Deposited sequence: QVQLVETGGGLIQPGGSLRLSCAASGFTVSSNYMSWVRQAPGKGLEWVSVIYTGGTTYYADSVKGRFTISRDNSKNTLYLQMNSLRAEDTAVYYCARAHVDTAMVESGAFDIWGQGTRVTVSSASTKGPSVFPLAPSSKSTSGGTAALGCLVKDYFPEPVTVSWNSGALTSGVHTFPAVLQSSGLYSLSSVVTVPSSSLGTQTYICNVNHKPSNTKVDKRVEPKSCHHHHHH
């Protein structure tokens, strides 16, 4: 007994996409089926439901843009998504209503798919712009801001990999633009600032870009 979603991917704002959810071990034609979505880092949101006679209901956030349907013969549920917006970026799950042996719903969802990711974004391959984060208990923190690149990943080293103690490269933020930024900071002895050189080496293989940025006290 399982549900397998497909169809997710990157789509530009305003575009359309159709998700699919194939059932095994029960028939969608005899069950009450929903879609539920989850934005990255955020909570679950119920999207839509379809009853055995075909009657459908929708969250107000998607009404008029999304359509739930099924193909009994393929034992598959669909979600047609039109006029997609940034806010529709999410993992999309299909879910079966939990029922008793008489097929009466309990109000809960017992069987869930693995989810399919939909990203609504106009991002395309782009290398980063890199800026120094100047230093200003005897330790100083300095770093490199790695801004507006796509897709993941970048790699950051310091002094061409000679400098590893005190390095903390933070996970990137995915901005509403669909581009990524991250920062890398090194904590170093304050006594080294006047005379030791700190350079961050940023590599972004998808755009074939590499950047070295010297980070100096201001």
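Trainee: In sequence order, name the stretches of the deposited sequence that have no C-alpha in these coordinates.
Mentor: Gaps vs deposited seq, in order: 1, 138-142, 225-232.
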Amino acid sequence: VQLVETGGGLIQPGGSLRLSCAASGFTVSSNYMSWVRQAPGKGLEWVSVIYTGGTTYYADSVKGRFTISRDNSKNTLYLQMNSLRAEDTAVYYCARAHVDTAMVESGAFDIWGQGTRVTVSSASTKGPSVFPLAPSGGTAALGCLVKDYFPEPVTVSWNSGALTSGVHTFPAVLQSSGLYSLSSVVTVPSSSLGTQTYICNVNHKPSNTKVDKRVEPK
From here on, numbers count along this sequence of modelled residues.
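Trainee: Per the entry, where is the mean C-alpha temperature factor higher: 83-91 or 143-151?
Mentor: It is 83-91.
Trainee: On mean Cα temperature factor in this entry, is 5-13 or 201-209 the higher one?
Mentor: Mean CA B-factor is higher for 5-13.
Trainee: Which is it among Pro171, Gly161, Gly166, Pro189: the one with the largest CA B-factor in the entry?
Mentor: Highest C-alpha B-factor among the listed options: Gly161.
Trainee: Between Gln38, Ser48, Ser177, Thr55, where does the Cα B-factor run highest in the record?
Mentor: Among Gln38, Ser48, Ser177, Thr55, the PDB entry lists the largest C-alpha B-factor for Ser177.
Trainee: How does the C-alpha B factor of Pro132 compare with the rest of the chain: lowest, middle or highest third?
Mentor: Its C-alpha B-factor, which the entry lists for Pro132, ranks in the lowest third among residues of this chain.
Trainee: Would you mind ranking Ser61 by its C-alpha B-factor against the rest of the chain and naming the third, lowest, middle or highest?
Mentor: It belongs to the highest third of the chain when residues are ordered by C-alpha B-factor.
Trainee: Please say which third, lowest, middle or highest, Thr27 falls into when its CA temperature factor is compared across its chain.
Mentor: Highest third - that is where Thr27 ends up once the chain's C-alpha B-factors are sorted.
Trainee: Select lowest, middle or highest to describe the third in which the CA B-factor of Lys74 falls within its chain in this entry.
Mentor: Its C-alpha B-factor, which the entry lists for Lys74, ranks in the highest third among residues of this chain.
Trainee: Sort the modelled residues of this chain by their C-alpha B factor and say whether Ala108 lands in the lowest, middle or highest third.
Mentor: According to the entry, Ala108 has a C-alpha B-factor in the chain's lowest third.
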